[PDB]
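What follows is one structure encoded as structure tokens, with my remarks underneath.
Note: hydrogens, waters and symmetry copies are ignored here, and every other heavy atom, side chains too, is used. Counting from 1, the numbers follow the sequence of the chain as shown.
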Amino acid sequence: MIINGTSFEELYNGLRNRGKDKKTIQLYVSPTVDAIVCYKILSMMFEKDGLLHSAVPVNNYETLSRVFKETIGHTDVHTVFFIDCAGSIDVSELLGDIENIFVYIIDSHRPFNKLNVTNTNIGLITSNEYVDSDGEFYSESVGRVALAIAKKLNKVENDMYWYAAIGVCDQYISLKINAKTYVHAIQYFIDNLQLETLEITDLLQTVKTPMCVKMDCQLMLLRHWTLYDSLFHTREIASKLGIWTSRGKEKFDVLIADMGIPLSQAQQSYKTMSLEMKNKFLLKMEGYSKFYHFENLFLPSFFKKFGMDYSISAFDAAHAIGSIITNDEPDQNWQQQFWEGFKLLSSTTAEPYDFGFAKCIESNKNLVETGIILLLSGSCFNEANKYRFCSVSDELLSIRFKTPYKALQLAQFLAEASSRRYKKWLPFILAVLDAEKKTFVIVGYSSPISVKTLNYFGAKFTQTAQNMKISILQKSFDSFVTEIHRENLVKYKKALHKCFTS
Ligand SMILES: [Cl-]
Ligand SMILES: [Cl-]
Ligand SMILES: [Cl-]
């Protein structure tokens, strides 16, 4: 059933009543920054009311189902929340015995599964006041729904708007919402906090509010990086400027010179680059944005002051947290990285964000450098407008990306970079030589832009593995990892193509 604002009071009274009996709340969190925001906002309310709760970071529905089965009937869990997952699948079919517990779902995927909607024992939470998935697009941020609960119940703390801003910035960064939807969300925060949108030239040193909004130039981590490298690594802008082509760095340097900015200025920290150079950059970029049609580069940013530092926007924070929760070492996993992301989100100081900024910067420098090479040199093809396939067997690149957690990051980058280059979004299958094991690591990745065909991509990718009798080493909600013998690359490509023809 659909739960809206008129039912939030009854819902929370139930949590309170069941919480007196020593029972607990279990929140299953899928791996998005928005999902962490939702958990955080709910957890703030729960803490204030003494409601025991726990987090279950889930990476796929198999894990969700296994923990649920191990939990129900074996502990004091009386209520479960599924955050940014489960809304668009047949939950009753997945989990079965569900009707003894209180099951709530806060998920941005739409449409909801019809059997979820008609089941009186499944609470699909929306903010209104009036494994096949049915998902076809993304709606309201899950953090925004948690904020809506707090507002309806008179439990809002104004810090929740910072978290909610990070959540909707995550949706926009992740390509789940468009710029108009993002701006409308910010306007909601402006209205409820009675803020004014400050000008892009405002450095915020005189603002009297602990949070604020100003027009901004949305180059990735610009204030925490350099003009030169922030511009080169902002994917939509780099694609439209054509600076990732052959000799793209020579063309880039020509662009920087066209702005009248020396490299000694463009390549130092943006915070120490002179204001005169910043003014030149802004004016030139305004013109470039109309010529190359990236006017959506200029969007309002939501800021929170940390001590004397007002340089961290909700976009900066979403980039930093998104990087922290990306697995990038062999011992990193979502169960642990969820808590690292929660800890950073919860920071009341600026210094913790430096680690996230650094991880994001380093990853993007590595991915863009490798990715440019592969799109120029690699064996990358579009197979029947079903998927792009690329295989890498060069000694140096292969050794660097043969591990699944690295290959997954490269596949995600290439999925976006190739789609922007050819103005055609497809899921991406990447094969990387593991020369020591005599195998290719195979990663399949589907970006949020391709969510409407994720059912088919996952089904056929997994059916190919089944036909080849190779193992799915890992799966997430939007990606898969398998591995083949090196000598079978052609055999595997033929099987994949056949499957994706069925
Ligand atoms: Cl974007
Ligand atoms: Cl807009
Ligand atoms: Cl990386």
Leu42, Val58, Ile105 screened by side-chain contact (heavy atoms from CB on, under 4.5 Å) with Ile83, the one that passes: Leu42

What are the two closest heavy atoms between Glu383 and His497, and how far apart are they? OE1-CD2, 3.3 Å

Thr126 versus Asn128, side-chain donor and acceptor atoms under 3.5 Å: yes

Does the side-chain contact (heavy atoms from CB on, under 4.5 Å) test come out yes or no for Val37 and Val142, once each step is laid out? CA-CA 8 Å; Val37 166; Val142 294; over 6 Å; no

Using 30° and 60° as the class limits, which term best fits the ring planes of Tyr182 and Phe315: parallel, tilted or perpendicular? tilted

Any side-chain donor paired with an acceptor under 3.5 Å for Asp84 and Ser108? yes

Determine, for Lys48 against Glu157, whether the closest basic-nitrogen to carboxylate-oxygen distance falls under 4.0 angstrom. yes

For a quick test of reading the model, state the closest non-hydrogen atom pair linking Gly87 to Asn116 and the distance between them. O-ND2, 3.0 Å

Using side-chain heavy atoms (C-beta onward) and a distance below 4.5 Å, is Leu64 in contact with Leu95? yes

Measure from the side-chain N and O atoms of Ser471 to the backbone N and O of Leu473, and report whether any donor-acceptor pair falls under 3.5 Å. no

Any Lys40 side-chain heavy atom under 4.5 Å of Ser346 side chain: yes

Just so I know, are the side chains of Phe46 and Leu15 near enough to count as touching, which here means a heavy-atom distance under 4.5 Å? yes

Donor-acceptor contact below 3.5 Å, side chain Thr234 vs main chain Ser230: yes

Just by modelled atom types, is the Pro404 backbone N or O under 3.5 Å from a matching donor or acceptor in the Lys406 side chain? no

Atom CG in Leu454, atom CG in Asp132: separation rounded to 0.5 Å? 9.5 Å

Give me the one residue out of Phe500, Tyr456, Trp425, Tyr445 that meets ring-ring contact (aromatic ring centres under 6.0 Å, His included) with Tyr387. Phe500

Between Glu483 and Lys437, does any side-chain N to carboxylate O distance fall below 4.0 Å? yes

Any heavy-atom pair between the side chains of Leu408 and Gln412 that's under 4.5 Å? no

Supply the atom-to-atom distance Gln218 CD to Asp316 CG, rounded to the nearest 0.5 angstrom. 8.0 Å

Under 3.5 Å donor-acceptor, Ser127 side chain and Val145 backbone: no

Smallest heavy-atom separation, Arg400 atom then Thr370 atom, equals NH2-OG1, 3.0 Å

Carboxylate-amine/guanidinium contact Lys155 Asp49, below 4.0 Å: yes

Which atom names give the shortest non-hydrogen contact between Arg235 and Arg420, and what distance separates them? O-CD, 4.0 Å

Walk me through whether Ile173 and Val33 qualify under side-chain contact (heavy atoms from CB on, under 4.5 Å). CA-CA 10 Å; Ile173 290 166; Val33 173; over 6 Å; no

Could you measure the distance from the CD atom of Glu129 to the OG atom of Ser7? Nearest 0.5 Å is fine. 9.5 Å

Quick one: list whatever passes side chain to side chain contact (heavy atoms under 4.5 Å, CB included) with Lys240, sequence neighbours left out. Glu236, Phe294

Rounded to the nearest 0.5 Å, what separates atom CZ in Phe355 from atom CG in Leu344? 10.0 Å

Mind telling me whether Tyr39 and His53 have parallel, tilted or perpendicular rings, with 30° and 60° as the class edges? tilted

Check: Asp170 side chain, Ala35 main-chain N or O, donor-acceptor pair, under 3.5 Å: no

Side-chain (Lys359) to main-chain (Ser323) donor-acceptor, under 3.5 angstrom: yes

Which word best sums up how the rings of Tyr353 and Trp162 line up, parallel for under 30°, tilted for 30 to 60°, or perpendicular for over 60°? perpendicular

Flag side-chain contact, heavy atom, 4.5 Å: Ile442 against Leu496: no

Minimum side-chain heavy-atom gap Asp34-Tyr138 below 4.5 Å: no

ring-ring contact (aromatic ring centres under 6.0 Å, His included) partner of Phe413, the single match among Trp244, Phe401, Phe428: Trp244

Is there a donor in the side chain of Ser363 and an acceptor in the side chain of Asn366, or the other way round, less than 3.5 Å apart? no

Look at the aromatic rings of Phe457 and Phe461 and report parallel, tilted or perpendicular, splitting at 30° and 60°. tilted

Donor-acceptor pair, side chain of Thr439 and main chain of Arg486, under 3.5 angstrom: no

Drop me the distance from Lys494's NZ to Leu489's CG, to the nearest 0.5 angstrom. 10.5 Å

Does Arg144 qualify as a cation-pi partner of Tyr188, given the criterion of NZ or CZ under 6.0 Å from the six-membered ring centre and within 45 degrees of its axis? yes

Just by distance, no angles: are the side chains of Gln409 and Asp328 close enough, under 3.5 Å, to form a donor-acceptor pair? yes

Counting only heavy atoms not in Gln466, do more than 12 fall under 6.0 Å of its CD? no

Ignoring hydrogens and angles, tell me if any N or O in the side chain of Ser419 forms a donor-acceptor pair with the backbone of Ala415 under 3.5 Å. yes

Would you please classify the geometry between the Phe189 ring and the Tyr161 ring as parallel, tilted or perpendicular, with 30° and 60° separating the classes? perpendicular

In terms of heavy-atom contacts, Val441 and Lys402 come closest through CG2-O, 3.1 Å

Less than 4.5 Å apart, any side-chain heavy atom of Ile312 and any of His224? yes

Can you find a side-chain donor-acceptor pair between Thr464 and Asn467 that sits under 3.5 Å? no

Heavy-atom donor-acceptor pair, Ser174 side chain to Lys176 backbone, under 3.5 Å: no

Ignoring hydrogens and geometry beyond distance, is a side-chain donor-acceptor pair present between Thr453 and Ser450 at under 3.5 Å? no

Pairwise distance CZ(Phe389) to NZ(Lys493) - rounded to 0.5 angstrom: 5.5 Å

For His74 and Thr71, what are the C-alpha separation, side-chain angles and deciding distance, and is it a side-chain contact (heavy atoms from CB on, under 4.5 Å)? CA-CA 5 Å; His74 301 294; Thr71 297; over 6 Å; no

Assess whether side-chain contact (heavy atoms from CB on, under 4.5 Å) is satisfied between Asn113 and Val91, documenting all intermediate values. CA-CA 8 Å; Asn113 174 275; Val91 167; over 6 Å; no

Residues in side chain to side chain contact (heavy atoms under 4.5 Å, CB included) contact with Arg66, at least two apart in sequence or another chain: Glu62

Does some side-chain heavy atom of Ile325 sit less than 4.5 Å from a side-chain heavy atom of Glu340? no

Examine distances only and state if a side-chain atom of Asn60 and a backbone atom of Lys475 form a donor-acceptor pair shorter than 3.5 Å. yes

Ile89 and side-chain contact (heavy atoms from CB on, under 4.5 Å): which partner among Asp107, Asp134, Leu115, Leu94? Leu94

What closest approach, in Å, do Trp334 and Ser30 show between heavy atoms, and which atom pair accounts for it? CZ2-O, 3.3 Å

